[PDB]
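Colleague: Sharing a structure with you now.
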Amino acid sequence: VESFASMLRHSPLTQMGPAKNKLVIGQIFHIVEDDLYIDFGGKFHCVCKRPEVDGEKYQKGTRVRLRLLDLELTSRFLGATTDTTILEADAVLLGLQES
Amino acid sequence: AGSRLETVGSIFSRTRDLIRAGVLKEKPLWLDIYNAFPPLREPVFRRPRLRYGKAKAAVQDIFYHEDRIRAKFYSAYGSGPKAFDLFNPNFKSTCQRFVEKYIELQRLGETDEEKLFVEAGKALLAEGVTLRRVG
Amino acid sequence: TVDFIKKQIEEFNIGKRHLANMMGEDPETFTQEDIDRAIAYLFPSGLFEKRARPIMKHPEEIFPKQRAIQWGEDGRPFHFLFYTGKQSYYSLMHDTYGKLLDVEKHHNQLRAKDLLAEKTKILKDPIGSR
Amino acid sequence: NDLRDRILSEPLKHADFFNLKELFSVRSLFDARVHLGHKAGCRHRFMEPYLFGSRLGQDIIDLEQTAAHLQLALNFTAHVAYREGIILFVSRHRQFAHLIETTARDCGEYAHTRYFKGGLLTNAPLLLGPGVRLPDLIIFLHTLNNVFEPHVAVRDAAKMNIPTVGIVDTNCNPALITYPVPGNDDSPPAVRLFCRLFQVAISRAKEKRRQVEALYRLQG
Ligand SMILES: [Mg+2]
């Protein structure tokens with residue numbers, strides 16, 4: 001039986017370090033007319049817009065490349081006891097995954 | 001009929017007290033399961049007071065000696081050319097490989113950080129990976 | 001009120017037979033329109049309110065639709081959404097949403113197989129659909 | 001009557017009666033992203049004991065305490081299902097509403113993922129009908145509504161003395177929940193894992209109730 005502490009040490013999330021400026025691949029699980037809901041393995045799902053080039057091949061289950069900036073968008077405003085989360089993540093599109 | 005006070009105590013505490021009192025003559029079915037299997041913490045209502053003064057939280061930061069090595073690699077070479085993949089439980093990142101070879105190299109008895117860092121970079125170059133220095 | 005509806009159903013059939021007997025017609029074809037013209041004759045009510053005139057119709061059409069019993073003798077609700085307050089509306093919403101996912105799943109499979117055999121049939125303007 | 005007491009009291013003498021220890025493990029939970037949490041700013045005060053630590057401002061839930069809680073939660077869920085108990089799935093989250101609604105249909109139990117009316121559990125006779133049997137257990141897959149406030153059913157259930165087994169994130173209030181399970185309720189793999197675990201837990205309880213009934217029938 002592997003102790004839980006050992007699992008965190010070798011987990012890919014811990015090996016990433018800071019989430020800012022990290023090249024992480026993700027998979028699309030929901031498609032709107034202009035918004036691509038991408039899951040990159042983090043806690044939440046980042047949202048990006050379809051690029052004007054090769055936009056027809058961004059379908060469900062397609063793998064894309066992301067540049068994570070904040071793992072979870074969250075800020076504190078005055079008069080708020082607890083921070084108001086956005087339940088999303090911030091990322092940008094660098095293209096499609098090169099199979 | 002029953003008790004509807006949330007702050008008096010747990011659901012178990014009120015139910016067994018009413019039964020012992022003699023008002024609830026029909027024992028609820030979930031009560032027997034509760035006696036045999038109790039939870040870790042009895043559900044007692046408590047007011048979420050806000051922390052004032054010098055008191056802080058007891059949550060510890062998760063830091064490792066590996067993280068100290070990873071900071072130097074990220075500061076110098078930035079993010080590695082390999083793309084991180086979180087879907088693979090057994091994924092081996094370029095930085096993780098750098099740390100693993102750094103640990104093995106320092107087992108030879110080397111103490112200088114500069115020697116450890118440079119040799120690890122040369123050792124990675126022998127494996128074919130790219131380590132284009134930033135700036 | 002299931003039994004009360006049943007009692008109304010049987011006596012209305014009996015009542016219809018009496019009306020046909022006195023009208024001197026064929027009881028096998030004593031249609032509702034014939035019932036209305038018979039009632040309007042036997043009881044000549046002069047009233048402007050059309051709904052206030054004497055009526056004798058099918059009790060299913062007269063009595064409002066009633067909710068069926070939602071639970072058994074042990075109290076277990078029959079439907080799985082009874083605790084949402086509105087079981088009928090949400091079950092319709094659940095089924096409607098499920099059909100969309102199945103269509104989306106089916107369309108996704110068709111796109112994978114490179115086939116588009118469906119057509120948009122929403123346009124029913126000549127029929128006048130609302 | 002006495003044999004009816006025998007069949008009701010039979011599973012009370014075995015801790016592992018339903019053999020639920022094989023359904024999940026620490027490795028199984030870890031691959032479902034159950035050890036992740038919100039930022040350090042949103043950390044509720046009562047969730048401090050259940051937190052293993054914070055990783056760069058991101059809280060990490062201690063799965064060792066999650067496994068201990070989840071073991072009792074599944075064990076408690078099955079027993080109330082074994083005794084022919086009404087189980088209600090409550091989750092006010094507009095990303096798994098259909099999945100949770102379909103999960104309850106397969107298990108044969110009830111779900112309420114829509115808007116929760118004010119006088120539902122408390123003023124039951126007016127809302128539902130003259131004589132209504134209140135649910136004997138409530139499962140919360142999400143203890144928060146869409147406005148980041150504690151769900152009304154959490155407070156109402158304590159008033160009506162109805163045990164609640166609810167997954168609590170790092171920003172929830174496990175004070176009134178009798179069987180809290182500290183975990184992650186946001187990532188799709190985590191939510192899917194919890195539903196499947198409660199799917200098999202109910203199905204085994206329903207089946208093993210029927211098997212013992214058959215044995216009782218041939219006893220006499
Ligand atoms: Mg959450």
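To be explicit about the labels: the chains of the structure tokens are called A, B, and onward in the order shown, and within each one the residues are counted from 1, while ligands get numbers from 1 in the order they are shown.
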Extract, using only C-alpha atoms, all DNA, RNA and protein residues at most 9 Å from stretch 26-29 of chain D, discarding same-chain residues fewer than 2 positions from it, and format them as a list in words.
Modeller: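 My reading of the contact set: residues 1, 2, 3, 4 and 7 of chain A; 24, 31, 32, 33, 34, 35, 63, 64, 66, 67, 190 and 193 of chain D.
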Colleague: Can you work out which residues are within 6 Å of ligand 1, considering only C-alpha atoms and all ligand atoms, and then hand them over as a list in words?
Modeller: residues 169, 185 and 186 of chain D
Colleague: Could you check which of B:79, B:35, B:96, B:15 is closest to residue A:21, using only C-alpha atoms?
Modeller: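 Under the stated criterion, the closest residue is B:79.
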Colleague: Would you compute the distance between atom CA of residue B:76 and atom CA of residue B:90? Give it in Å to one decimal.
Modeller: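 Computing it gives 25.7 Å between the two atoms.
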Colleague: Here is a test: counting only C-alpha atoms, which residue of C:100, C:5, C:112, C:84 is nearest to chain D?
Modeller: C:84
Colleague: Determine which residues of chain D sit within 9 Å of chain B, taking into account only C-alpha atoms, and present them as a VMD selection string.
Modeller: chain D and resid 9 12 to 13 15 31 44 to 46 48 to 49 51 to 57 59 to 60 68 to 69 72 to 73 75 to 76 79 to 80 83 85 136 to 137 155 to 156 158 to 163 173 to 180
Colleague: If I take atom CA of residue C:16 and atom CA of residue C:59, how far is one from the other in Å, to one decimal?
Modeller: 12.4 Å
Colleague: Would you give me, as JSON lines, each residue of chain D having an atom within 6 Å of an atom of chain A, along with its shortest atom pair and that distance in Å to one decimal, using only C-alpha atoms and sorting by chain and residue number?
Modeller:
{"residue": "D:41", "atom": "CA", "partner": "A:83", "partner_atom": "CA", "distance": 5.8}
{"residue": "D:42", "atom": "CA", "partner": "A:83", "partner_atom": "CA", "distance": 5.4}
{"residue": "D:187", "atom": "CA", "partner": "A:43", "partner_atom": "CA", "distance": 5.3}
Colleague: Give one line per residue of chain C that approaches chain D to at most 6 Å, naming the two atoms of the closest pair and their distance in Å to one decimal, counting only C-alpha atoms; sort by chain then ascending residue number and deliver it as a Markdown table.
Modeller:
| residue | atom | partner | partner_atom | distance |
| --- | --- | --- | --- | --- |
| C:75 | CA | D:133 | CA | 5.5 |
| C:80 | CA | D:110 | CA | 4.5 |
| C:81 | CA | D:110 | CA | 5.8 |
| C:84 | CA | D:112 | CA | 5.4 |
Colleague: Please dump the current selection as a tab-separated table (two decimals), in the first residue's frame; keep N, CA, C and O atoms.
Modeller:
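Writing done, so here's again-v1.tsv:
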chain	number	residue	atom	x	y	z
C	75	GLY	N	-45.90	4.08	1.17
C	75	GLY	CA	-45.52	5.47	1.09
C	75	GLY	C	-44.45	5.79	0.07
C	75	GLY	O	-44.16	6.98	-0.14
C	80	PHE	N	-39.72	8.90	-9.83
C	80	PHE	CA	-38.43	9.17	-9.21
C	80	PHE	C	-38.16	10.66	-9.03
C	80	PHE	O	-37.10	11.02	-8.50
C	81	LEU	N	-39.08	11.53	-9.44
C	81	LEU	CA	-38.93	12.97	-9.27
C	81	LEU	C	-40.05	13.56	-8.41
C	81	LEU	O	-40.31	14.77	-8.49
C	84	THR	N	-39.40	16.73	-6.20
C	84	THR	CA	-39.13	18.03	-6.80
C	84	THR	C	-40.34	18.94	-6.80
C	84	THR	O	-40.25	20.07	-7.27
Colleague: So which residues of chain A fall under alpha helix (DSSP H) by DSSP, listed as a PyMOL selection string?
Modeller: chain A and resi 4-10+12-16
Colleague: Counting only C-alpha atoms, which residues of chain C come no farther than 12 Å from chain A, as a VMD selection string?
Modeller: chain C and resid 101 104 to 105 107 to 109 111 to 112
Colleague: Starting from chain B, keep only residues with some atom at most 12 Å from an atom of chain A, counting only C-alpha atoms, and report them as a PyMOL selection string.
Modeller: chain B and resi 48-51+62-75+78-100
Colleague: Quick check, in Å to one decimal: how far apart do atom CA of residue D:141 and atom CA of residue D:91 lie?
Modeller: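 Taking atom CA of residue D:141 as the start and atom CA of residue D:91 as the end point, the length is 5.3 Å.
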